[PDB]
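To start, the structure under review is shown below, and the notes come after it.
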Amino acid sequence: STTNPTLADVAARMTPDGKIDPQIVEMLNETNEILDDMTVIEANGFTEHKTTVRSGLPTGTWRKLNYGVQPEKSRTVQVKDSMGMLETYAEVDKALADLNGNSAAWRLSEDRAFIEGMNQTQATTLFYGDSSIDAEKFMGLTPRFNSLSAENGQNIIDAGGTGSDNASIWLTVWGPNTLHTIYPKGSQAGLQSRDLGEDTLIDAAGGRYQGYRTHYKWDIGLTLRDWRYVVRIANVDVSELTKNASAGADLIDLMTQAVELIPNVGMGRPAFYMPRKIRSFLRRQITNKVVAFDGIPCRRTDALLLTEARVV
Amino acid sequence: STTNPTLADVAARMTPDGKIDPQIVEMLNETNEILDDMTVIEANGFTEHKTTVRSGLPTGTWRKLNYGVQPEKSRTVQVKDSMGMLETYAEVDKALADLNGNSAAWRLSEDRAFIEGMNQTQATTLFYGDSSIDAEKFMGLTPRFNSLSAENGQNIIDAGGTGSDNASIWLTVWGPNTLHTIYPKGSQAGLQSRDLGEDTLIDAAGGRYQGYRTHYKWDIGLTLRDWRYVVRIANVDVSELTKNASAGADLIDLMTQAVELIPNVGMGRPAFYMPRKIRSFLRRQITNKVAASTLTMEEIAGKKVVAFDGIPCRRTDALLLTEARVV
Amino acid sequence: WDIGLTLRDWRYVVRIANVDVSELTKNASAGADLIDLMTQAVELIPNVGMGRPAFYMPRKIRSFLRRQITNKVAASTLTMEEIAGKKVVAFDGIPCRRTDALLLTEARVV
Amino acid sequence: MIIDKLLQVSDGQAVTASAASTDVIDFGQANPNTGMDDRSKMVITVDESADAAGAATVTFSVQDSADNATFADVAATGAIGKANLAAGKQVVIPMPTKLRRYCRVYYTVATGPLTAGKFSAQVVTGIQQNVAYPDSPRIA
Amino acid sequence: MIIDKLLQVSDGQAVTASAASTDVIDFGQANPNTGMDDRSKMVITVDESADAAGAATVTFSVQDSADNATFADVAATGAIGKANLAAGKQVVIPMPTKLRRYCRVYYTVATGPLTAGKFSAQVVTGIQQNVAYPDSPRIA
Amino acid sequence: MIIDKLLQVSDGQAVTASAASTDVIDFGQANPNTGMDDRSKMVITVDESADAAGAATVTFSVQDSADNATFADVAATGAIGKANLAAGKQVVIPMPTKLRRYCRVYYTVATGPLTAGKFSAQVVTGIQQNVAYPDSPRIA
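Chains as they are written, first to last, in the entry's author numbering: chain G, 5 to 294, 310 to 331; chain F, 5 to 331; chain A, 222 to 331; chain M, 1 to 140; chain L, 1 to 140; chain I, 1 to 140.
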């Protein structure tokens, strides 16, 4: 039949030569950037992150000459948020990796590429991660801003989808206090490339041969501290967009009403996240009237689905 | 159907608002002590312990006059007896141990229970060692003295009970040539907790896991050189024991007659091993016999048994209290 | 004064319940003997190692414990002068502390 | 929401009749009593939806046993209605305080039978539960 | 067991027919969701006992409401039998993870009606629960 | 009794007809002669018992072959009767001194067929055999 390995082969090992080894130019990989922009704080509960959220305020009183006012109480609900871990190993037939003495440069190139693939899976899981479907992986932005009925529904602005071919734009403000990612206590923040030992590996027959191995833990969750700093502009029907902001759904006003929506970009840092298609029609739209859109940077994100189902 | 067990997400089960619970109250640990009292010498054969024991005496003869009589030959059989190895690994997914950094604190809290579990098993098996059924275990104190017909059958003392609620007390002499444990070439006794460090595991599918692991070898065997040095006091019906040496079976004579059964306590050192339930009734029965005699007001409690007959009398829990009566 | 009460492991605590007080007699005779009911209590604790043990009895019991101890020793060696008996202090020795704030007629526990 | 491979029960069981769960959790003691943990709690997720002839409810409830044979409920939710069970709805049962060996999750379905809907039960620490709360609500 | 005088409901109520709790907890918000404190928990303590013609069961259940008008179960126990309600039995309900304003306690008494029995229901943080645990159990 | 799992054949084989052992031991040579180590010996233990219609006998015997194909007896026991095969009866066959590659264990069963009884055969160094020997026997 057909030979379909997982481990590195002498074919694969022979292509980052030569006689030079590094600098591999990655053409086909997504170049999404929430990952650069996101903040991290170690989660406070046990694999959850409790967050107390003010639920009802004391209102003041005017108190008149000689007349005791009655006392108030500040009500509070708390809302905990989970994480999930994404680990992968990266093994090689040891003689193969060791040969021509490039053990470390190899371990590194496989490392640079594992990092890139993990960036993609985590940044896609950050926008559409259900703890209800994926079960093992953490929940992020959907369906946290999902139904319009939801109490943060004033925060999702429907561009008007109807069909399935419709994107959504996001706006967030990453900060210690208002939406950040969390990593467990105490496994370190971000992607960990821990590289283990030689250890014997096993041939399908048993004809065992020694090899390297590398672990790649990276466990994040996503506290959405208060939704008020995040807006989804759901249902941007992409079949309808044109550069002449006339037909289809206008972005620029639609977007500024998304900005006009959040009290109060003070800290930490706001950002738009929209599919490259969308960033494209948005900019084309802007020039027809004529890094940073309007007091907040706009980060085009490839790993952000273009055709997601419309919200109700 | 029912899913388990290496170390399910119940590290949660051992923590506070915080890290792994250090002051954990060690419930199921029991203070049986042969393991402390027992002697250990390397076994002499390849993985057994040979011992030559005299089987037949020359008798001599009364010889009628002028008649050249037969020479005698002192027949002597030898016995070899084996060891067994009792060891276990102790694995945790590294991901589960790592959180809140209680990786080391966990390894530790788990470890205390392993030491205790091995002593628990080792001493429960030193008394009920069936090498005839379990094959893998070394053979212990039963049923080396089991049927009253066996050549050491005189050395088991029938306490006279009946039904399943009845123990036995042991009286042994640990010493090089009358009873000891044995350990191998060249593994040392006892319990070795080597820590394997982190290493990869296998998900049942093949799907990678990664974790800590700890080993716990402890391999012993057991020479019973001669059964003359061990006497068992069987069928001690425990429900029928009374402090007034009255109904049921008395301990104090049933215990001294066990002392008279040993041919001279010379070497190495004798010890009684009794179930704690027995030790208690023993304390009470002693003070009650001495009460009709001479005990002071203040020594009314009774000194807990220490030296029964100048033989340490050791409490051993890992010794069954509801034993089948020995026919 | 706000306190609750941790019983870390019951192995260290023993109860001698259902001790019928009418049937107690000084001659350790009718009813329940205290000196054994108490020694067996002592044997029930896995090595009193830490911190410190204590007996707690209603004064009624302390009195009958006293009478019964001088009575058990009476069948052995009690002197003219120690006829009344040294007041109970340390049983095992374990201190024997009087507790008034301890109900005398409590319903039987079975 | 982090998950124990072993504490996963009923992976995505297409619960159509009022049946019990596929897998039964066996704790290794007479009394795991993991409600005292103040951390473990059962979660039942729903997908894709509790579509049925209607109007139907699924009462999720945990059951104990001495042995893996006869169960009795130790906690329950109540009649959670259909259309409160879209794909993405965790019905969290905090873990009963007095557990026994062998816990399982029962899906008490009131009539009529469910036509579509899987439910995924697992014991976690802890649930990912972040419902949005009001803002002013004057502004705006 | 510490108690907030305000969360106290049903002080020593003689639950004879299948009735609700006397008092209703009004939290000062639409959705306290006090299960998330992972600390609050309902307790129903018992006095003097579940005397009834028998054999009867008392299924304790917590109920929410949007406004103090109609209640609905958000937590339940299962049919706790009589002769498990001697003087001195904390029947613990972990706080439902999703509460609304106005919580009350319903005592769903399976037939026949109880002849005597008081109950104390209150949210505490947290219970006094110290179950006896095994010893060896080989000795003895 | 220490056991080498690799020298283990017939792990717990249920001997009913006169059949051979499950596994056949392969040495890494033509003439292992491990009978010559003067230390190795086959042991057959019994469980649970020689239950049979009876009267039956079980002859344990080691067999050699050049190659793993055709065997011939190199040691034998004799017709060990039923009711001499209580749970726990080590039948030791000393390792034959002229071993060839591929040793196996055959069970020559006298009629009728054995109805219940497993046997575990293994090469060890050596058995645990310490039976008590008489002392006086006048006293006693």
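Backbone N, C-alpha and C fix where the C-beta goes; we use that ideal spot for every residue, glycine too.
For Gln122/M, the enclosing beta strand (DSSP E) starts and ends at 114–124.
If you check the CB distance, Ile80/M and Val58/M come in under 7 Å. At a beta-carbon threshold of 7 Å, the residues of chain I lying near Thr51/F are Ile2, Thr125, ordered along the chain. Between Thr55/G and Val81/G, the CB-CB gap reaches or exceeds 7 Å. With respect to the 7 Å criterion, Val123/L and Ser10/L are not classified as neighbours on the basis of their beta carbons.
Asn150/F is positioned such that its CB atom lies no closer than 7 Å to that of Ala132/I. For the options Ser120/L, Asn130/L, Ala30/L, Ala53/L, the alpha carbon positioned closest to that of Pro137/M is the one of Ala30/L.
Using beta-carbon distances, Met42/L does not count as an interface residue toward chain G, since no partner is under 7 Å. With a contact defined as Cβ atoms closer than 8 Å, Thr129/G and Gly144/G qualify at about 7 Å. Within the region 180–195 of chain G, not one residue has a Cβ closer than 9 Å to any Cβ of chain L.
In its chain, beyond the 5 residues on either side, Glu120 have a beta carbon closer than 7 Å to the beta carbon of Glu30/G. Separation of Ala208/G and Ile206/F (C-alpha to C-alpha, rounded to the nearest whole angstrom) is 15 Å. When beta bridges are read from the DSSP output, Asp73/M appears opposite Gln63/M. Looking at the DSSP output, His219/G sits in a beta bridge with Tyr93/G. A contact is defined here as three or more CB-CB pairs under 8 Å, and the region 172–185 of chain F meets this definition with respect to the region 223–239 of chain F. With a cutoff of 7 Å on beta-carbon distance, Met1/M and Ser284/G are scored as not near each other. Of the candidates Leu286/A, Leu299/A, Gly270/A, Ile224/A, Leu286/A places its Cα closest to the Cα of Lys247/A.
DSSP lists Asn170/F as the bridge partner or partners of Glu327/F.
In terms of Cβ geometry, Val92/L and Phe60/L do not form a close pair [threshold 7 Å]. Nearest in C-alpha terms to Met42/M, of all of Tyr102/M, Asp26/M, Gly126/M, is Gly126/M.
The region 135–194 of chain F contains, as complete beta strand (DSSP E) runs of 3+ residues, the segments 160–162, 170–178, 184–187 (chain order). Contact check for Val44/F against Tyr216/F fails: the beta carbons are separated by 7 Å or more.
Only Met89, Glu91, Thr92, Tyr93 from the region 77–96 of chain G bring a Cβ to less than 9 Å from some Cβ of chain F. The beta carbons of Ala72/I and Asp64/I sit about 6 Å from each other, so the pair counts as a contact at 8 Å.
Taking C-beta separations shorter than 6 Å and ignoring five residues to either side along the sequence, the partners of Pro274/G in its chain run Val177, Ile315, following chain order.
For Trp222/A, the nearest beta carbon of chain L is not closer than 7 Å to its own beta carbon. If you check each beta-carbon in the region 101–117 of chain F against every beta-carbon of chain G, the ones closer than 7 Å belong to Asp102, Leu103, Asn104, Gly105. Under DSSP, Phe276/F shares a beta bridge with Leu175/F, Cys317/F. At a cut-off of 7 Å between beta carbons, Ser151/G makes no contact with chain L. Here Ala19/I has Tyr107 as same chain residues with Cβ atoms under 7 Å from its own Cβ, once five neighbours each way along the sequence are excluded. Every alpha helix (DSSP H) of 4 residues or more that sits fully in the region 58–109 of chain F is shown, in chain order, as 98–102.
For the region 307–322 of chain A, the set of positions with a beta-carbon nearer than 7 Å to some beta-carbon of chain F reads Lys307, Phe312, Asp313 in chain order.
For the region 40–72 of chain G, the beta-carbon criterion of a distance under 8 Å to any beta-carbon of chain L is satisfied by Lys54, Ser59, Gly60. Within its own chain, the residues whose Cβ lies closer than 8 Å to the Cβ of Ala249/F, once the five positions on either side in sequence are excluded, are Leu255, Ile256, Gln289, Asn292, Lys293, listed in chain order. Not a single C-beta of chain M is nearer than 7 Å to the C-beta of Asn170/G.
The three-state secondary structure of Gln129/L, taken from DSSP, is coil.
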